[PDB]
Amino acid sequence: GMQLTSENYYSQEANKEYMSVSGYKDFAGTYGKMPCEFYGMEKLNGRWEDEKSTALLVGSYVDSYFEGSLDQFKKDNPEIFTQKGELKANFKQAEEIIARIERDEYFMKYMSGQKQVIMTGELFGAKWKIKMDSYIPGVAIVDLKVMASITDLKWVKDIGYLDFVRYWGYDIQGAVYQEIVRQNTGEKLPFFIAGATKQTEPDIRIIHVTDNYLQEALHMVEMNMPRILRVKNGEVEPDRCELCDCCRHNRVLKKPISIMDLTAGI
């Protein structure tokens, strides 16, 4: 069993040995992003690395501020600065958001736990790994998210308006995080998202994702994992969504499509 560390948590070998919330979503998707098994297998092999995104980089900048690892973050990610030397605007806003969080005592209490805590477990067939933004032992699991909007609802076909937690599958993250802590600690802890937005005056909220929602999502994880396990173990060929950048990079045409192909399925 591989001993995971801060340096190696995201490693290729860390990801082969341990399913992760992020791993699962590659295969299973969320309301906001189609599943794609191929994409998930190409990431594992190391034959596809994503172009790093402004949104993710903002969010890691802020994680790094709270962990006290900002100097090294900046060193490892020179693309956050202009050629002239100054932080690009999205990051000057990141500091605006941090200051906004810091002047709220209540919000700062949820951020007061152990920082980037790695834990391990067994679920539905595989070993898993988690890494929690702010963990307060015996009281709460907190995840910081920096997003465009907390209050915006999004339309889902045949379901209707959905809040951001269920839409982006943060119900999945909470469920797994909770359960893995439970296998290490015995304690079943509540899950809170500490949200801040990139609006011009940031919106701040602590959002409790209740155990009824965590339970329904841990169930869905259970239903999908067997198919996932089959694909990761070379036991079946992964499907391609044919709608992601990985799919498009790897396509090799052999036949014409027609209009039927564009309108298939309504």
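The first residue of the sequence shown is number 1, and the count goes up from there.
- Averaged over CA atoms, B-factors in the entry run higher in 74-82 than in the other of 74-82 and 91-99.
- Between 157-165 and 134-142, it is 157-165 that carries the larger average Cα temperature factor according to the deposited entry.
- Take 204, 34, 41, 209 and read off each C-alpha B-factor from the entry; 34 has the highest.
- Per the PDB record, residue ranking by Cα B-factor puts residue 262 in the middle third of the chain.
- Sorting the modelled residues of the chain by their CA temperature factor places residue 66 in the middle third.
- Annotation for residue 15: C-alpha temperature factor in the highest third relative to the rest of the modelled chain, per the entry.
- In the deposited entry, the Cα temperature factor of residue 217 sits in the middle third of values across the chain's modelled residues.
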